[PDB]
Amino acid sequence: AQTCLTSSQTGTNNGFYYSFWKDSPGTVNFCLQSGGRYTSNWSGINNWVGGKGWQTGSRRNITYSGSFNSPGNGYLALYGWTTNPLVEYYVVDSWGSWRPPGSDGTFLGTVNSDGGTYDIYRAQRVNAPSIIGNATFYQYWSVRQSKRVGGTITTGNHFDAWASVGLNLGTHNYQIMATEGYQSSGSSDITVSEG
């Protein structure tokens, strides 16, 4: 059954944790579906990110499938946080008009995982929204060298590769298969599972 949300919220739905966040402009209809599924549509937003997964991240292997429709700036990524240090992390499989993280990403190397090759970056967010309120913190990124929509993400491969280039993860907070939009409009329909 469906539960559509329009304001930032976290919780559990059909055995899966979810996180949904947007800043004030525009509209996101973040619709919780059966099992590990959610849909999104966004319009006129500034920034939003949300999806289904786990309240506490781990080295679990995560599989996802579905559709991602982003003519402007959007991302389809495994997405999560740690505390101590505060870290926002991404394993980006697809994107819209703009390949992240841009020039604010420092290239650190590559990792091969799940049939793909990913570029590794560190970026810094300055006085930016976070799971602990406005903060200044690093992001760790793996970004697939070409787009893919669907498959398995062997998280351990990414975590180990980041560690090998000095990117230390803290205590795991949430870990979700996320859709992100930036100053754009679009939609997605994504189903997650582990193991």
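One-based numbering along the sequence shown.
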Comparing 75-83 with 96-104, which has the greater mean CA B-factor as deposited?
96-104
Output the stretch having the higher mean C-alpha B factor in the entry; the candidates are 174-182 and 7-15.
7-15
Out of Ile153, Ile131, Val143, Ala135, which residue has the highest Cα temperature factor in the PDB record?
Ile131
For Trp42, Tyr38, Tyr64, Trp162, the deposited C-alpha B-factor is largest at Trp42
Comparing against every modelled residue in the chain, figure out the third that the C-alpha B-factor of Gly51 lands in (lowest, middle or highest).
lowest
Grab the CA temperature factor for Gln33 from the record and place it in the lowest, middle or highest third of its chain.
middle
So, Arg60's CA B-factor, relative to its chain, sits in which third? The highest
The third of the chain into which the C-alpha temperature factor of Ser188 falls is the lowest
